[PDB]
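Everything below concerns the one structure shown next.
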Amino acid sequence: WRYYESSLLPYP
Amino acid sequence: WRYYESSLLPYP
Amino acid sequence: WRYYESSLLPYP
Amino acid sequence: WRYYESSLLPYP
Amino acid sequence: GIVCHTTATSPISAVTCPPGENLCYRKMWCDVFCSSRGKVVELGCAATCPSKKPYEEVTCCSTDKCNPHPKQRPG
Amino acid sequence: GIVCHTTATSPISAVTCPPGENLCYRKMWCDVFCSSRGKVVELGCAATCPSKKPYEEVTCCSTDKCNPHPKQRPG
Amino acid sequence: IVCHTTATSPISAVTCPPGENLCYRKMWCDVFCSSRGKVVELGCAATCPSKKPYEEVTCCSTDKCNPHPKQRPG
Amino acid sequence: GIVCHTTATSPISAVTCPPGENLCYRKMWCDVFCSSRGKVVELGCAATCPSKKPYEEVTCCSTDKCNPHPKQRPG
């Protein structure tokens with residue numbers, strides 16, 4: 001899954 | 001395996 | 001420890 | 001010990 | 001090295017602890033069956049004594065097989 | 001043996017690494033949304049430390065749950 | 001899989017971590033082989049351990065299939 | 001837990017790593033004698049992979065004896 005440093009929710 | 005003080009036998 | 005086929009008891 | 005790629009013996 | 005009881009095996013047996021791990025530990029806490037079976041029991045090796053959390057009960061010691069299951073004789 | 005955070009799951013969780021992969025790694029790099037969301041975060045297990053591009057950020061460690069998402073502290 | 005292990009004293013059974021679905025027995029002679037027999041090592045493995053020239057290795061995939069030679073499997 | 005080559009001993013040998021250091025590293029870099037002897041070689045245990053400078057060589061792995069001296073085979 002794509003994650004980002006800004007949140008624990010994945011973005012795909 | 002998981003032990004309890006009541007017995008030397010393991011459970012799961 | 002170290003076991004051998006001759007016994008179920010360990011060595012060093 | 002200081003080693004080098006050329007040998008397994010140290011040089012220091 | 002230190003010898004310590006471990007719950008990783010069945011039945012409980014004693015293991016030689018790796019270098020630098022010179023304490024045994026017992027860690028006990030209630031799960032759902034605490035009323036009928038008592039506290040869960042965990043035994044093993046450690047380098048540093050586990051930090052006592054408010055809901056856990058911990059014993060740390062530095063002699064061989066000093067962390068027996070409550071139902072057996074230490075040593 | 002070792003447990004490591006992984007981004008392969010949703011939500012991020014701690015998983016036991018397959019045999020032969022006994023270190024954790026975190027890898028971060030900027031994509032198109034880096035300005036708004038920050039860097040991509042990729043977490044998983046590995047046998048060898050991933051080779052780092054000059055613009056990538058790679059962390060390798062060998063203690064349980066040492067590779068958290070930036071929004072979580074190790075341990 | 002559950003497997004015998006020589007890491008403990010007495011020998012006990014351990015549950016192997018995920019991905020390690022074999023038991024292994026590894027035997028080889030040391031200096032005392034004439035009087036005590038071969039060294040015995042029992043444990044878990046993902047791939048069957050590769051046998052060194054002097055070693056004997058057996059791998060199996062049923063619970064406690066790797067007993068010490070002086071005990072029953074299973 | 002992990003066994004690894006260390007340049008702290010003579011000759012190079014495989015040692016059991018202290019508690020909390022569960023990965024091996026090999027580090028290579030040119031010193032004054034790089035033309036005649038090649039790169040300096042340093043091997044040991046570690047918790048985290050050393051931060052590699054552009055001219056340094058660092059490779060990290062987490063299986064026993066995975067960090068041999070260049071004149072030896074892993075495993």
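Labels for the structure tokens follow display order: chains A, B, ..., residues from 1 in each chain, ligands from 1.
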Give me the residues within 10 Å of residue 37 of chain F as a list in words, counting only C-alpha atoms and dropping any in the same chain fewer than 6 places off. residues 3, 4, 5, 6, 7 and 11 of chain A; 30 and 31 of chain F
Using only C-alpha atoms, determine which residues lie at most 12 Å from residue 8 of chain B, disregarding the query and same-chain residues fewer than 6 positions distant; provide the list as a list in words.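 Skipping anything fewer than 6 positions along the chain leaves residues 1 and 2 of chain B; 6, 7, 9, 10, 11, 12, 13, 37, 40, 41, 42, 68, 69, 70, 71, 72 and 73 of chain E.
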Please identify all polymer residues within 8 Å of segment 57-60 of chain F, counting only C-alpha atoms, omitting same-chain residues fewer than 5 positions from it, and present them as a PyMOL selection string. (chain F and resi 23-29+49-50+52+67) or (chain H and resi 48-49)
Take the residues from that selection and write them out as a CSV table (one decimal), in the first residue's frame, keeping N, CA, C and O atoms.
```
chain,number,residue,atom,x,y,z
F,23,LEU,N,16.1,-8.5,9.4
F,23,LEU,CA,16.2,-7.0,9.7
F,23,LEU,C,15.1,-6.3,9.2
F,23,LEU,O,14.4,-6.7,8.2
F,24,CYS,N,14.7,-5.2,9.8
F,24,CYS,CA,13.7,-4.3,9.3
F,24,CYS,C,14.3,-3.1,8.5
F,24,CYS,O,15.5,-2.8,8.7
F,25,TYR,N,13.5,-2.6,7.6
F,25,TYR,CA,13.9,-1.4,6.8
F,25,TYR,C,12.8,-0.5,6.6
F,25,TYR,O,11.6,-0.9,6.4
F,26,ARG,N,13.1,0.8,6.7
F,26,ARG,CA,12.1,1.9,6.3
F,26,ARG,C,12.8,2.6,5.1
F,26,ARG,O,14.0,3.0,5.1
F,27,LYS,N,12.0,2.9,4.1
F,27,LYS,CA,12.4,3.5,2.9
F,27,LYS,C,11.5,4.7,2.5
F,27,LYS,O,10.3,4.4,2.5
F,28,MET,N,12.0,5.9,2.3
F,28,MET,CA,11.2,7.0,2.1
F,28,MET,C,11.8,7.8,0.9
F,28,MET,O,13.0,7.9,0.7
F,29,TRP,N,10.9,8.4,0.0
F,29,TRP,CA,11.3,9.1,-1.1
F,29,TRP,C,10.1,10.0,-1.5
F,29,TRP,O,9.0,9.7,-1.3
F,49,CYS,N,20.3,-4.9,3.7
F,49,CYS,CA,19.8,-3.5,3.6
F,49,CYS,C,19.6,-3.1,2.2
F,49,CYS,O,20.5,-3.3,1.3
F,50,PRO,N,18.5,-2.5,1.8
F,50,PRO,CA,18.3,-2.1,0.4
F,50,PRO,C,19.3,-1.0,0.0
F,50,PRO,O,19.7,-0.2,0.8
F,52,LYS,N,20.5,2.3,-1.3
F,52,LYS,CA,19.9,3.6,-1.3
F,52,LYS,C,20.2,4.5,-2.4
F,52,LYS,O,21.4,4.8,-2.7
F,67,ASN,N,11.2,-0.2,13.0
F,67,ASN,CA,11.0,0.5,11.7
F,67,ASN,C,9.5,1.0,11.6
F,67,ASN,O,8.8,0.7,10.6
H,48,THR,N,22.1,-1.0,14.0
H,48,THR,CA,21.7,-0.3,12.8
H,48,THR,C,22.9,-0.3,11.8
H,48,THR,O,24.0,-0.4,12.1
H,49,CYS,N,22.5,-0.3,10.5
H,49,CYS,CA,23.5,-0.3,9.4
H,49,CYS,C,24.2,1.1,9.5
H,49,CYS,O,23.6,2.1,9.6
```
Residues within 10 Å of residue 62 of chain G, only C-alpha atoms, excluding chain neighbours under 6 positions, as a tab-separated table (two decimals) with N, CA and C atoms, in the first residue's frame:
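Saved to selection.tsv:
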```tsv
chain	number	residue	atom	x	y	z
G	1	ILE	N	4.57	-25.85	12.72
G	1	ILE	CA	5.00	-27.24	13.06
G	1	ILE	C	5.70	-27.23	14.42
G	2	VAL	N	5.47	-28.29	15.20
G	2	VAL	CA	6.14	-28.49	16.48
G	2	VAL	C	7.31	-29.44	16.28
G	3	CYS	N	8.45	-29.10	16.86
G	3	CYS	CA	9.65	-29.89	16.63
G	3	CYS	C	10.47	-30.00	17.91
G	21	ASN	N	8.70	-25.00	8.37
G	21	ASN	CA	7.71	-26.07	8.35
G	21	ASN	C	8.39	-27.43	8.24
G	22	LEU	N	9.62	-27.54	8.74
G	22	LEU	CA	10.29	-28.82	8.81
G	22	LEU	C	10.99	-28.96	10.15
G	23	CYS	N	11.11	-30.21	10.60
G	23	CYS	CA	11.97	-30.57	11.71
G	23	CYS	C	13.25	-31.11	11.09
G	73	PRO	N	9.28	-41.08	18.03
G	73	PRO	CA	8.74	-39.92	17.32
G	73	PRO	C	7.25	-39.75	17.60
G	74	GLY	N	6.75	-38.56	17.29
G	74	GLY	CA	5.34	-38.27	17.47
G	74	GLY	C	5.00	-37.76	18.85
```
Skip segment 20-22 of chain H itself and residues of its chain fewer than 4 positions away, then list as an NGL selection string all residues within 9 Å of it, counting only C-alpha atoms. (:E and (47)) or (:F and (22-23 or 61-63)) or (:H and (1-3 or 45-48 or 62))
Once chain B is fitted onto chain A by least squares over all its in-order Cα atoms, send the moved chain as a PDB file with C-alpha atoms, in the first residue's frame.
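So part.pdb came out as:
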```pdb
ATOM      1  CA  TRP B   1      -1.033   0.550  -0.640  1.00  0.00           C
ATOM      2  CA  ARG B   2       1.280   3.550  -0.271  1.00  0.00           C
ATOM      3  CA  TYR B   3       1.838   5.537   2.922  1.00  0.00           C
ATOM      4  CA  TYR B   4       3.071   9.071   3.522  1.00  0.00           C
ATOM      5  CA  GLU B   5       4.543  10.588   6.664  1.00  0.00           C
ATOM      6  CA  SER B   6       1.509  12.878   6.978  1.00  0.00           C
ATOM      7  CA  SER B   7      -0.991  10.152   7.893  1.00  0.00           C
ATOM      8  CA  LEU B   8      -1.317   6.581   9.115  1.00  0.00           C
ATOM      9  CA  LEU B   9      -3.993   5.915   6.467  1.00  0.00           C
ATOM     10  CA  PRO B  10      -2.945   4.291   3.168  1.00  0.00           C
ATOM     11  CA  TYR B  11      -3.787   5.821  -0.179  1.00  0.00           C
ATOM     12  CA  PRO B  12      -4.104   3.749  -3.363  1.00  0.00           C
TER      13      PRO B  12
END
```
Picked from chain H by DSSP as alpha helix (DSSP H), as an MDAnalysis selection string: chainID H and resid 34:37
Put those residues in a file: N, CA, C and O atoms, as a compact mmCIF listing (two decimals), in the first residue's frame.
```
# COMPACT_ATOMS: atom_id res chain seq x y z
N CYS H 34 45.89 2.05 -0.11
CA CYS H 34 44.89 1.41 -0.94
C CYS H 34 45.49 0.87 -2.23
O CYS H 34 45.00 -0.13 -2.78
N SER H 35 46.56 1.50 -2.74
CA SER H 35 47.15 1.04 -4.00
C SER H 35 47.81 -0.33 -3.85
O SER H 35 47.75 -1.15 -4.78
N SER H 36 48.42 -0.61 -2.70
CA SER H 36 49.17 -1.84 -2.51
C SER H 36 48.39 -2.92 -1.79
O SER H 36 48.54 -4.10 -2.11
N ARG H 37 47.57 -2.56 -0.80
CA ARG H 37 46.84 -3.54 -0.02
C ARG H 37 45.35 -3.57 -0.32
O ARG H 37 44.66 -4.50 0.13
```
Interatomic distance, atom CA of residue 43 of chain E to atom CA of residue 14 of chain E (Å, one decimal):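 We find that atom CA of residue 43 of chain E and atom CA of residue 14 of chain E lie 9.7 Å from each other.
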Atom-to-atom span, atom CA of residue 19 of chain G and atom CA of residue 64 of chain G, Å: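 Computing the Euclidean distance for atom CA of residue 19 of chain G and atom CA of residue 64 of chain G yields 16.6 Å.
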